[PDB]
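Beneath this line is the structure, given in structure tokens, with notes to follow.
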Amino acid sequence: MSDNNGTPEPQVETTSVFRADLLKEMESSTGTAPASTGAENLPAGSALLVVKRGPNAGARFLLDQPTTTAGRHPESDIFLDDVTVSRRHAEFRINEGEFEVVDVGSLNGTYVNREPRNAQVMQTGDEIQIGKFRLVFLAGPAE
């Protein structure tokens, strides 16, 4: 039997099949492994943040404003926590030498990753927990 007997059969039998819906993997955030986490990792003058989820915006924002105060009142620079509003939640400030993030009185609590910090050196790459919501501060353009 020259025919049919020489048919390759697929090994590794799979009867535990599922529907191939076709999940398409991709990336959108800049996540190339930082060569030297220092001055060349960090941005120059301006920096950026992405909102990982929150009523504050839920988008990505550029900070080139010397002092950006997070509140929720018409006179506040940016709107932060809407559902659980502290009059003065947090304040993101960019300084000619360094980046600094200060809690100005968030009742929900401002935590860096999982660390309670009322003042923190603003780090690019880590996520700032604003109450329950999630904001990530990243290194903006060094260009």
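Residues in the sequence shown are numbered from 1 upward in steps of one, following the authors' numbering. The beta-carbon is built from N, C-alpha and C at its ideal position, and this holds for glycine as well.
Exercise for the section: Output the distance between the C-alpha atoms of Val17 and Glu9, rounded to the nearest integer angstrom. Expected result: In this structure, the alpha-carbon of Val17 lies about 17 Å from that of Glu9.
Handout entry: Alpha-carbon spacing of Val50 relative to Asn41, whole angstroms
Key = Answer to the nearest angstrom: the Cα atoms are 17 Å apart.
Handout entry: Stretch pair the segment 50-69 + the segment 14-28: three plus CB contacts closer than 8 Å
Key = No, because fewer than three Cβ pairs between the segment 50-69 and the segment 14-28 fall closer than 8 Å, the two stretches do not touch.
Exercise for the section: With DSSP as the reference, label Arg93 as helix, strand or coil. Expected result: When secondary structure is reduced to three states using DSSP, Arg93 falls in the strand class.
Problem - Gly71, enclosing beta strand (DSSP E) - first and last residue - result: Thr67 to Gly71 is the extent of the beta strand (DSSP E) around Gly71.
Handout entry: Check whether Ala47 and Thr110 have beta carbons under 9 Å apart
Key = Taking 9 Å as the Cβ cut-off, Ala47 and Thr110 do not qualify as a contacting pair.
Problem - Spatial distance of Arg114 from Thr14 (CA atoms) - result: Spanning the two alpha carbons is a distance of roughly 43 Å.
Practice task
For the beta strand (DSSP E) containing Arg60, list its first residue and its last residue.
Solution key: Start and end: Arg60 to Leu63.
Practice task
Grab me the residues of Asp103's own chain with a C-beta within less than 6 Å of its C-beta, minus the 5 sequence neighbours each way, in chain order.
Solution key: Excluding positions up to five away in sequence, the list reads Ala90, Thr110 and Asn118.
Practice task
Return the CA-CA distance between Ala33 and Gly140, expressed in angstroms with no decimal places.
Solution key: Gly140 has its alpha-carbon roughly 15 Å from the corresponding atom of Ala33.
Problem - Reference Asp64; option with closest CA among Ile94, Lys52 and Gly71 - result: Closest by C-alpha distance to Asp64, out of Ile94, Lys52 and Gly71, is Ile94.
Exercise for the section: Starting from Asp103, trace the beta strand (DSSP E) both ways and give me its first and last residue. Expected result: According to the DSSP assignment, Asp103 belongs to the beta strand (DSSP E) that extends over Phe99 to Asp103.
Exercise for the section: Go ahead and label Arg87 buried or exposed: buried means 16 or more other beta carbons lie within 10 angstroms of its beta carbon, across all protein chains shown. Expected result: Residue environment for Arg87: exposed (fewer than 16 other C-beta atoms within 10 angstroms of its C-beta).
Practice task
Check each candidate in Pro116, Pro43, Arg72 and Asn5 and name the one with the smallest Cα separation from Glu96.
Solution key: Checked all of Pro116, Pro43, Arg72 and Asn5; the closest Cα to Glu96 is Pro43.
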